[PDB]
Structure formats: C-alpha cells, structure tokens
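Here's the letter readout for the chains.
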Amino acid sequence: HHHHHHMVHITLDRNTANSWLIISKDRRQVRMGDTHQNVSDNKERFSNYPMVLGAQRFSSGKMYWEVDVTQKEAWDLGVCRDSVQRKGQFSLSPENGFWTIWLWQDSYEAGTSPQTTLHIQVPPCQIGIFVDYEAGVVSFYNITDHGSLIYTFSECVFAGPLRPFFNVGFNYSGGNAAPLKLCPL
Ligand SMILES: O=C(c1csnn1)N1CCOCC1
Ligand SMILES: O=C(c1csnn1)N1CCOCC1
C-alpha cells in the first residue's frame, strides 16, 4: 500500500481505559495488569473488557497508524464511534459502532456480524490501520508481510467522530501479558 504519508501520532486516553490497564508514561503502550490499577471509576471507562481509546478524534480526511502485537495470543484493533457503549456486555460490530479485526484462539477474524474469517499466511507482528472518512473505508494491513491487505470494511456508516480502538485481551492463559504498542512514524 501507499497510505504511509497519512501517518498520525496516536496517544492513549487513560480516562477511557479499563481499570486493570497500565498505560506507559508516553501514552504509546498499554498492557493488562494482574490487578485493579487503583484509579477511580468514571462513565468513560470500559467496564467488562480490557479496552482503551485513542485521545484523537477524526471527523474528516485520511488517517494511518501502526500497532505492534508481538507475542500476543488475543487482541482487538480498529476504530470506533466516540459514543460506543462503555458498560456491560456487547459485540464488536459496525451496528454497535466498531470497525475492528481480532486474533483469538489461533485464528484472525473481522468484526462483522456475524464475524468473517481472515486468510493470513504470515502471522503479523505489526498491523497498519487506514481510515478514509469521506469514502467510508477502514482497511487493515500486515506490515510483517510487506504491507499485504488483511481486510477492508467499505460502505461504512461512521455516524459520528471516530476514535482509535484497542483491546489488549484477557490473560487467563499466562501467555497474553505482552503489550500493544503504537509504532513510531
Ligand atoms: O473479570 C475480570 C478479570 C479478572 S482476571 N481477568 N480479568 N475483570 C473484569 C473486567 O475488567 C477487568 C477485570
Ligand atoms: O457501517 C456499516 C454498517 C452500519 S450498520 N451495518 N452496516 N458497515 C461497516 C462496513 O461494512 C459494511 C457495513
């Protein structure tokens, strides 16, 4: 792909984080803690899942960023509406305001409803995410495999400002402690 020139500097918004997440000083890395991280509750925090939003809001233009997923067993990545549900249980779908892909149990899937099987020969260590607001497109790229396309959501109905979306996943197995990291431009 040739989307690299739309690169944006994403930082994580601590106030939206699930209370077990640990975000680095530079706000560029996040991991699952093994306990509550001693923060007060607020209406922005994702309560049920290890999720956090980017601070940036996008309402126009073309945007690109990259995320490092090295040695993780489970995660979700993409974008979401600023007004997605924070509390209780929900599925990641465009109907609920999410445009995402994930790794779970050794398979990759796009967060359509129902979910769509992805075809990835080279397990990615870094994922590229491209948003074209005007066109209604969210695309995902395998940076480990020379930028090959993973998935394109088209005919998106964003219906609001968009925020970068992250889920570090649970660590029930003891094999999923590694962080998500925003990669440098
Ligand atoms: O259920 C758990 C849990 C215990 S161990 N893994 N996570 N929660 C509830 C949702 O916020 C994160 C902590
Ligand atoms: O945004 C939507 C949408 C809103 S409700 N269901 N459809 N999408 C996402 C991109 O793939 C096509 C459908």
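Our subject in this report is the structure included herewith. (Residues numbered from 1 in each chain as written, not as in the entry; some residues may be left out. Chains lettered and ligands numbered in written order. Heavy atoms only, no water. Residues with missing side-chain atoms left out of burial classes, pairs and counts.)

**Notes on unusual backbone geometry**
Here is the rule: Strands are runs of DSSP state E lasting at least 2 residues, helices are runs of H or I lasting at least 4, and numbering of each runs from the N terminus.
Residue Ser113 is joined to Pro114 through a cis peptide bond whose omega torsion reads 0°. The residue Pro114 is located in the loop between β8 (107-110) and β9 (116-117) in this model. Of note, the phi angle at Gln71 is positive, near 60°, even though the residue is not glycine. Relative to the assigned elements, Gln71 resides in the loop between β5 (62-68) and β6 (75-81). Backbone geometry at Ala159 places phi at a positive 65°, although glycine is not the residue there. Note that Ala159 resides in the loop between β12 (148-153) and β13 (162-167).

**A few points about the pairing of β13**
Under the convention used in this document: Exposure categories follow from relative accessible area, calculated using a 1.4 Å probe and restricted to protein chains: below 20% of the type maximum is buried, above 50% is exposed, and the middle band is partly exposed. Here a strand pair is declared whenever DSSP counts at least two bridges between the two strands.
Where burial is concerned, most of β13 is hidden: six out of the six residues are buried. Note: strand β4 (residues 51-54) against β13, three bridges, orientation antiparallel. If you follow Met51 over to β13, its bridge partner there is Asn167. The pairing of β6 with β13 spans six bridges and is antiparallel. Following the sheet pairing, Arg81 is matched in β13 by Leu162.

**Looking at the site of ligand 2**
Put simply, the rule is: Whether a residue is near a molecule or strand is decided by its heavy atoms; if any one of them lies within 4 Å of it, the residue is near. Throughout this description, a polar contact denotes any pair of N or O atoms lying within 3.5 Å of each other; where both atoms belong to protein, one of them has to be capable of donating a hydrogen while the other can accept it, and for residues adjacent in sequence the pair is counted only when both atoms sit in side chains. Note on areas: these come from Shrake-Rupley sampling with a 1.4 Å probe, and a residue is covered only by the protein chains present in the view. Throughout, the ten residues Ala, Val, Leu, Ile, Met, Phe, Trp, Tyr, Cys and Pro are labelled nonpolar, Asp, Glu, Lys and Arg are labelled charged, and all others, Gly among them, are labelled polar.
The immediate surroundings of ligand 2 are formed by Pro94, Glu95, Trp99, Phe153, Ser154, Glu155, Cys156 and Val157. Within the side chain of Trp99, one N or O atom sits 3.3 Å away from an oxygen atom of ligand 2. For ligand 2, whose free accessible area comes to 340 Å², the fraction covered by protein is 67%. Class assignment for the residues of the shell around ligand 2 results in five nonpolar, one polar and two charged.

**Remarks on the site of ligand 1**
Around ligand 1, the surrounding shell consists of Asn18, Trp20, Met32, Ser47, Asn48 and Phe170. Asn18 is positioned such that a nitrogen or oxygen atom in its side chain is 2.9 Å from an oxygen atom of ligand 1. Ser47 places a polar main-chain atom, nitrogen or oxygen, 3.4 Å from an oxygen atom of ligand 1. Of the residues belonging to the shell around ligand 1, the class tally is three nonpolar, three polar and no charged.

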